[PDB]
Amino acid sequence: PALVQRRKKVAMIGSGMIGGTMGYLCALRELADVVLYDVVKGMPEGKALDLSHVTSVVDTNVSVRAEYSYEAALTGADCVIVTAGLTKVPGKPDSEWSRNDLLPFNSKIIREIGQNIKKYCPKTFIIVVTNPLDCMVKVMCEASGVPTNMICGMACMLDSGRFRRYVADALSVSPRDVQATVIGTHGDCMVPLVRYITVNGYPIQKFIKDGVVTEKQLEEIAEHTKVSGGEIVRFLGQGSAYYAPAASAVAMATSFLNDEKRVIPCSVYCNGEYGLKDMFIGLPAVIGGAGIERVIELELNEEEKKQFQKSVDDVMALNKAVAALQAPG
């Protein structure tokens, strides 16, 4: 008979660690059919088979397939999560790992992906993961031409997740009940909002007064959060983090697909917020069936605005750089 209820379809443009991991989450939760795309042939087919096998093991039913062309991968995609790109620059020490160094390597790739999205699934919801995150979201937006509410970058939910895990451990509570947020550009200038930490809505200041945690401790946690990415890179030796990044991107995708209207900080288009225009940066936002339904503007104090400004300078510098060096075509 005629198909009335079509499963959601999520296209993983880039089938590396994060791409495969996100595909895993979709199969495990029967969230949507999955398509794995990558310039590397063979590997996506291997992961697609492995993942298809998972559905039987966990008693779920979604189709996991590798697609070789942009057309086959992107057509019909309800959401496109882009992880295509390099994680580390060849020959550079792990101690010098920087997301900004990936700019000259990933700009072209992201732009091309965006051009194909415009061509095959202009009505999709785009979740960019590729670094330098905030810069790549803007490139993707320009290239894909999708409405600004239909594109965002995953980063701050990951950064906040780290922030929350550390706070949760310090307070001996589930991270579910720790509301800790990191805003700004995903990089060395990200801004963990220590002043805004709450335990189920209760100000962190109360736990300082109670003698459970110290201000010093919280700032060390903020610092740890800022450098958590490099910490993992150095520990792993090869590649970078993927389990939390994948879980974060899928949580965002799920909030869109199920119109959950979850409040998740992510790289979103600024049209006046915090004083920013025509650019993307990590901010608290509401993700619903209409994409980014709201950008939350927090009341920042002097020091926070100073930190945020440095975060802004980081991404703005990268945005002018990319524009200056961009090929006409």
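From 1 onward, residues are counted along the sequence shown. Each form is matched to the other, and the largest set of C-alpha atoms that superpose within 1.5 Å is called the rigid core.
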{"query": "Larger mean CA deviation from the shown form in 4 other deposited structures of this protein [core fit; 201-209 vs 81-89]", "finding": "81-89"}
{"query": "Which of 97-105 and 127-135 strays further in 4 other deposited structures of this protein - Cα RMS after rigid core alignment", "finding": "97-105"}
{"query": "Stretch exceeding the other in mean C-alpha B-factor - 100-108, 157-165", "finding": "100-108"}
{"query": "Mean temperature factor over C-alpha atoms, higher-scoring stretch between 138-146 and 240-248", "finding": "138-146"}
{"query": "Options 50, 260, 59, 303 - largest CA temperature factor per the record", "finding": "303"}
{"query": "Residue with maximal Cα B-factor (values as given in the PDB entry) among 95, 181, 200, 174", "finding": "95"}
{"query": "CA B-factor placement of residue 119, once the chain's modelled residues are sorted into thirds", "finding": "highest"}
{"query": "Chain-relative CA temperature factor third for residue 254", "finding": "lowest"}
{"query": "Within-chain third of residue 31 by Cα B-factor, per the entry", "finding": "lowest"}
{"query": "Modelled-residue ranking by C-alpha temperature factor, third containing residue 10", "finding": "lowest"}
{"query": "Where the record places residue 272 (Cα B-factor, split into thirds across the chain)", "finding": "highest"}
